[PDB]
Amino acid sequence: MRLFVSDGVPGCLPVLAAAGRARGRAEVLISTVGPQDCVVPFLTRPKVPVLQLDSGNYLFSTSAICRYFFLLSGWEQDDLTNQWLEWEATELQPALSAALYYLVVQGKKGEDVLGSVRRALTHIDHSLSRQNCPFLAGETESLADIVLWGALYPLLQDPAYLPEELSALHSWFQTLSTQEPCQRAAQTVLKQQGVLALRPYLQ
């Protein structure tokens, strides 16, 4: 298979961190392309990341690419994971987009950035606290964790934007970020620029 990624596009984070789950089932080659390359035959506007499957079908959804990799590793779908993924797509993504746009394109700082996402971060923290398990949908790091980590990482990777009082979220985020596939994904996508790598994509 062929996985298309581009520098500083945040959706490439979770997919790179999850790609190892396909090992021993199928091969995932990484193709690095420009942010304006249109790799999907049926889509007018460029999309990255994109997975060209061995069948020649395409996955153009970051969460579906991650799901596919997990399913290859023998993961069983559960309702709680779906719930997180739907929330991430419809609720967190809009909030995070604004926050990162403020930070990166407008040069805003502190609460002028974090404001847009505080309620959403509080929700994740509260959910982690209320469950006894260290992960979002259970006892081991799974699909919901990688998708949510991947969305949040560009913001939360700078300790100044990881609110101190949200201790559950902090501990979860640390546990995820220290995993070797997460570190490598972070280094690949953001390189030396941290959140500023996003600037062309955010706009």
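Residue numbers run from 1 along the displayed sequence.
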The stretch whose C-alpha atoms carry the larger average B-factor in the entry, 30-38 or 47-55, is 30-38
Averaging the C-alpha temperature factors as deposited, the higher value of 4-12 versus 193-201 falls on 193-201
Among 171, 63, 140, 178, the highest C-alpha B-factor in the PDB entry belongs to 140
When the entry's CA B-factors for 72, 124, 85, 104 are compared, the highest one belongs to 104
Among the modelled residues of its chain, the C-alpha B-factor of residue 158 falls in the third labelled middle
Residue 81: C-alpha B-factor third of its chain, per the entry, is the lowest
